[PDB]
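Student: structure here, sequence nowhere to be found:
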Ligand SMILES: [Cu+2]
Ligand SMILES: [Cu+2]
Ligand SMILES: [Cu+2]
Ligand SMILES: [Cu+2]
């Protein structure tokens, strides 16, 4: 903890948390994502992507259209504040982003953009 | 035919389609919604609401807040392009709207605003 | 219609129906499955598999263990009343089964066995 | 904590955990469910129900058909190992059950039976 959180995406298309809080004193924040399941990336890949709650749907829709090879994210999507790579069973990836990119009193969402996963794999992030 | 679509929302909280293409030649377009289930409106009510993808989240959140009596939609919400009433088991409702309200290049989303249903009851609509 | 149904599974990991009624006057019933999406079989393949509600979990878990080469279905699983092949984008398949293999008073479920899909891709089949 | 777990069901149809482990040395185990949301029971009611993974579908289908007044659970359902009542905003309920009712090498699932919630509100319970 302290300017970091560890999150897991499993073979049941679930993240193990629905809410992340970022302490306003952190200059940067790190998310460390792992996949504890046994299914591969092409079947059950997960990423953790952060955007405003208003932008989540356009990011998910354009992410599906970019496809597989682009980790289901539009290249240089300006609405994505930070994201990991798409990972499979046994893998891990971290992303560190500057907390100054987040406003107090704005709602943010984290989600996975693998096709169909965002319906269940999503949660809120808020500054504290 | 052609400028209309029949959509069902059932007791599994799912629509029977997640993509609607509106033909550029239609002067108007009709959505015919029915609820083939057995559950009452106060527990599994569904409506079909249209907005841009960017506005979806605000419409769902203010909708949730307006309550069952307002069909979970903010009264006179300017972000709502077109909508049906909230219907329960065995009911039907239709909405016809002007296609000039849509423009090519914009991403639209249709969804249900009953609390929690948009997680699964959502789809894209595009003018082609 | 009546002694056959057309079903589709899409890129949003959803079937277009979650309840099928088989008329007792049908001696045989045909299910025609299509995949109207763009994702390939190994990422978003779908099949239509029928069993009793009590055997669905067993069929899904062992199906998952059999892998893609087995269309995610255990070879000669006796709990499966009928099934299609696993199809990907733009493919289709059909299966016909005898209605006397069904009895009134028993709960049946149709579902997809591609890993993770059964949570949303499932529905009831009832003999009426 | 020791032989007990605290779990929350929110307005986004999410449990705050998706995996419960019960230690074999516990003579009994307690689940304390709360609803930190603002939506009422008819809209977003949640309960915690435990059965084998095999029986979950039967419990969910029959639960749906029992009605709001029956807390969407079939009265005296033999397949339910333990359950809470259906609670709404600001409510709380607990269930303590005998760990002798669980056997090793059997898969258990906990889920909510409010219509449409089990697709998202479900997790595994394991005896170690
Ligand atoms: Cu994912
Ligand atoms: Cu709805
Ligand atoms: Cu599938
Ligand atoms: Cu619930």
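Tutor: Thanks, I have the structure now. Numbering: from 1, shown residues only, chains lettered A, B, ... in the order given. Ligands and ions are numbered 1, 2, ... in the order given.
Student: residue furthest from the geometric center of chain A?
Tutor: Taking Cα atoms, centre = their mean, the residue of chain A most remote from its mean C-alpha position is residue A:25, at 21.6 Å.
Student: phi first, then psi, for the most centrally placed residue in chain A.
Tutor: The residue lying closest to the centre of chain A (Cα atoms, centre = their mean) is residue A:48, at 1.7 Å. Reported as degrees, to the nearest 10, the phi and psi values for residue A:48 are phi -130, psi 120.
Student: ok, it to residue D:37 distance?
Tutor: According to Cβ to Cβ, to the nearest Å, residue A:48 and residue D:37 sit 24 Å apart. To be clear about C-beta, it is placed using only N, CA and C from the backbone, and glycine gets the same treatment.
Student: so the residue lying closest to residue A:110 once chain neighbours are set aside is in which element?
Tutor: Using Cβ to Cβ, 6 or more residues apart in numbering or on different chains and skipping the chain neighbours, the partner closest in space to residue A:110 is residue A:50 (5.0 Å). Assigned by DSSP states H and E, residue A:50 belongs to strand A:49-52.
Student: roughly how far does the residue nearest to the centre of chain A sit from residue D:120?
Tutor: For residue A:48, the distance to residue D:120 - Cβ to Cβ - is 18 Å.
Student: so which bits of chain A are right by ligand 1?
Tutor: With Cβ under 5 Å from the ion as the criterion, chain A meets ligand 1 at residues A:46, A:112, A:114, A:117, A:121.
Student: out of the residues you listed, who's nearest residue B:20?
Tutor: Proximity of the residues of chain A next to ligand 1 to residue B:20 was ranked by Cβ to Cβ; the top entry is residue A:117 with 22.4 Å.
Student: quick one: residues contacting the closest residue in space to that closest one that isn't next to it in sequence.
Tutor: Nearest residue to residue A:117, sequence neighbours excluded (Cβ to Cβ, 6+ apart): residue A:13, at 5.2 Å. Residue A:13 sits next to A:44, A:46, A:112, A:116, A:117, A:120, A:121, C:116, C:119 when contact means Cβ atoms under 8 Å, 6 or more residues apart in numbering or on different chains.
Student: next: residue A:80.
Tutor: A:49, A:50, A:51, A:59, A:73 are the contacts of residue A:80 under Cβ under 8 Å, 6+ apart.
Student: now for those residues: which two are most distant?
Tutor: Farthest-apart pair in the contacts of residue A:80 is A:50 and A:73; separation 11.6 Å (Cβ to Cβ).
Student: overlap in contacts of the two?
Tutor: Any residue near both residue A:50 and residue A:73 by Cβ under 8 Å, 6+ apart counts here, and that gives A:80, A:83.
Student: same drill for these two, tell me which one is more crowded.
Tutor: More neighbours surround residue A:50 than the other of residue A:50 and residue A:73, with 25 against 21 (other Cβ atoms under 10 Å in any protein chain shown).
Student: and the gap between the more buried one and residue D:102?
Tutor: When residue A:50 is compared with residue D:102 (using Cβ to Cβ), they lie 39 Å apart.
Student: ok, residue A:25 next?
Tutor: Counting by Cβ to Cβ - residue A:25 and residue D:102 are separated by 44 Å.
Student: now the residue of chain A found nearest ligand 3: phi and psi?
Tutor: For chain A, the residue closest to ligand 3 is residue A:116, as judged by Cβ to the ion, at 9.3 Å. Note on residue A:116: backbone dihedrals following degrees, to the nearest 10 are phi 90, psi -10.
Student: in chain A, which spans are helices?
Tutor: All helices of chain A, identified by DSSP state H, fall at A:41-44, A:56-66.
Student: need the contact partners of the longest one.
Tutor: Read it as helix A:56-66. Contacts of helix A:56-66 (Cβ under 8 Å, 6+ apart): A:49, A:51, A:72-75, A:77, A:79-80, A:109, A:111, A:113, A:115, A:118, A:122, B:53-54, B:56-57, B:107, B:109, B:122, B:124, C:11.
Student: just the ones of the residues you listed in strands?
Tutor: Counted as lying in strands by DSSP state E, out of the contacts of helix A:56-66, are A:49, A:51, A:109, A:111, A:122, B:109, B:122, B:124.
Student: could you give the bridge partners of the fifth one?
Tutor: When bridges are called by DSSP bridges, residue A:122 pairs up with residue A:111.
Student: I figured it hits residue A:113, correct?
Tutor: No - using Cβ atoms under 8 Å as the test, residue A:122 is too far from residue A:113 to be in contact (10.2 Å).
Student: so for the two, which sits in the more crowded spot?
Tutor: Counted by other Cβ under 10 Å, residue A:122 and residue A:113 do not tie: residue A:113 has more neighbours, with 29 against 20.
Student: if we go by neighbour counts, what in stretch A:7-25 is buried?
Tutor: A:7-18, A:20, A:22 (16 or more other Cβ atoms under 10 Å in any protein chain shown).
Student: of all those, which two lie farthest apart?
Tutor: The span of these, defined through Cβ to Cβ, is set by A:11 and A:22 at 28.0 Å.
Student: hmm, back to that, quick one: the nearest residue to the residue of chain A closest to ligand 3 once chain neighbours are set aside from residue A:111, how far?
Tutor: Closest residue to residue A:116 apart from its sequence neighbours, by Cβ to Cβ, 6+ apart: residue C:13 at 3.5 Å. Residue C:13 is 15 Å from residue A:111, where distance means Cβ to Cβ.
Student: same question, residue A:78
Tutor: In terms of Cβ to Cβ, residue A:78 sits 17 Å off from residue A:111.
Student: who has more neighbours out of these two?
Tutor: residue A:111 (25 against 9).
Student: okay, the more buried one and residue A:47: tell me how far apart.
Tutor: Between residue A:111 and residue A:47 the computed distance is 9 Å (Cβ to Cβ).
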